[PDB]
Structure formats: structure tokens, C-alpha cells
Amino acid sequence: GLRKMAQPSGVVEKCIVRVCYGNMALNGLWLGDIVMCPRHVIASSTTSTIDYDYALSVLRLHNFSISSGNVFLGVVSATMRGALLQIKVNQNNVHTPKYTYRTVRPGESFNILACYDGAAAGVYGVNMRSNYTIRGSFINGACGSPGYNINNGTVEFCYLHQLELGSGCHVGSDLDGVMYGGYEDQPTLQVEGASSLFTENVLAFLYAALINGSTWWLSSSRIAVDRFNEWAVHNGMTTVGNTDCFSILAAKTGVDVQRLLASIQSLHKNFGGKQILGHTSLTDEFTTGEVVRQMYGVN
């Protein structure tokens, strides 16, 4: 089968803190002597629109309580950075990892470390949709939970949880304070934009099906990438760029992309009780990287 897996979370776990301001408490990212967290922690309203410039002017540093475990951290200063606050504290996080900031692109996968009250509670893998939204699992208190990728010893922080749209899906900002998908830091009515199936991930999935003996749906026809692309844009699917990353998967199945692309057009909104690897629909969840890594352990 095919599992969504998370990378090991240990390196990120000790950077998580509790940021309580007044009666609001959420999670902050505690790197060096700075704590990043969602700016709405300093707001007095959560269900009505917020004037953040006024909230910043009324801010009192002694109303902050920041803690790592049961160890409390004195607040030095605070500045506003997009949908975030930079908070300076009295000491470095000795366990600060080698890290960078990186903004995720649609289709790319990363890890979510779900946090509550400044403590890591769960870790799971997610995939950034064309929406610039994600289907996370968050409840009250989860805000400030970090999204990350571990790449050759380096932690790439890419997400801090901010918001749940009415559809149940989730939006965060990157570590630069920029809300993904241009979403707004307010409790206003915001309908989740239209999104498309990321076709490259769908291809990876169908490849995974071929490898594990699922071949009933394989089509007899084939289509060129660019002729598929002109169909995809009108059928709620993304375009396919370079197919080189599919070389390993093609080599092991003897099936090329052109034939998978054709099978997708016949499987789009059409199955008939059929199911591939336990899916009744085309899934967007897994990248080629994840599929190759999970079946063969190569990058």
C-alpha cells in the first residue's frame, strides 16, 4: 500500500513553545533567541475583525508569558512581520537546529508538527494544494504549529498554522509572515478557492498502483503531455512539466507518462465501483519523491 508518512520530528520538537498573551494562548517557534508566532495572539477578539496596528500599539510586554516546558522566558521586545510577531527573549535555544526559511509551492509535500499549549502532540505529512491550502488536522489551540521539511541535515521551516476555512481545510503563513494564497488574517467569510488535482502527484500514485499489481485501469491509448495539458486546464487538473523525475518509475513498470495521462482522462470522474490501492478517486497526496522513497528507498 501507500502511506502518508512524516519525517522524524525530534529536531523540531524542542523549538516549540507556549506563547500566552492575556487570555489568548497558542504555539510559537523558538529559534535562537527569537520566538515566531501568529500575530492574533495579541488581539482581544477572535470572532470579530481585528485592527492589528492598534493591537500592536496597545501591546504590553509584561502581559506576555512565554514558556518552554515549565521553563518561562522573559520577553525583551516584539515587532510585527506580516501575520507573525518576532519576539526577542532573554536566552538562546541551545537546541536550535540548522534551519532556513522556504515558501512551499503547490504540489509539494512537507511535515506538520501539530502543537498545543507549546507542546508537540502529533506529526503527520501533508501536501500543498493549488489552492495554497492544506487538509491538516487542527483544533482550537493549534495555531503556530510549524510546517517543515528535513533536507540533508537542514530544517526548512515553511508553515505556521493560522486559519481554518469553512470548508474544513487549513491555511498558514510562511515564516516571512506571508499568508499562503493571499488569504486574510481575519475571521471574515472566506470561501476556499477552486483547486485542481496536481497531475504530477496523480501520475506518481498511478505508478505506485502499477508497482503493486493494479493494472486494470491502464489505458490502451496514449496522449502527448502538451495535448493533455490543454485538456487538463479545462478539467480541474494542473499541467505536467518535465517528466524526467518519472524515469525510475517508468523503468520499473515499463509504462511511460503518455499512457498514464490517457488513463487519467478516462478515470476522471469515472470509476464504476472500481478502486486502486484503496482509492475510489484520483489522489493528489503523494509526490514522485515520496513514492520512489517509500518503494525503493532512493532519492
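The numbering used is simple: start at 1 and walk along the sequence shown.
Undergrad: Could you settle it for me: does 263-271 or 29-37 have the higher average Cα B factor in the PDB entry?
TA: According to the PDB entry, the answer is 263-271.
Undergrad: Would you tell me which stretch averages the higher CA B-factor in the PDB entry, 201-209 or 89-97?
TA: Going by the record's values, the stretch with the higher mean is 89-97.
Undergrad: Select one of 171, 113, 218, 158: the residue whose C-alpha shows the highest B-factor in the crystal structure entry.
TA: Top of the list by C-alpha B-factor: 218.
Undergrad: Per the entry's Cα B factor values, which of 190, 149, 127, 195 stands out as the maximum?
TA: Of 190, 149, 127, 195, 190 has the highest C-alpha B-factor.
Undergrad: Looking at the C-alpha B-factor of residue 144, is it in the lowest, middle or highest third of its chain?
TA: CA B-factor rank for residue 144: lowest third.
Undergrad: Is the Cα B-factor recorded for residue 246 in the lowest, middle or highest third of its chain?
TA: As the PDB entry reports it, the C-alpha B-factor of residue 246 lands in the middle third of its chain.
Undergrad: What third of the chain does residue 63 rank in for C-alpha temperature factor, lowest, middle or highest?
TA: Top third by C-alpha B-factor.
Undergrad: Could you look up the Cα B-factor of residue 137 in the entry and say which third of the chain it sits in: lowest, middle or highest?
TA: Residue 137: CA B-factor falls in the lowest third of its chain.
Undergrad: If you rank the chain by CA B-factor, which third does residue 233 end up in: lowest, middle or highest?
TA: Lowest third - that is where residue 233 ends up once the chain's C-alpha B-factors are sorted.
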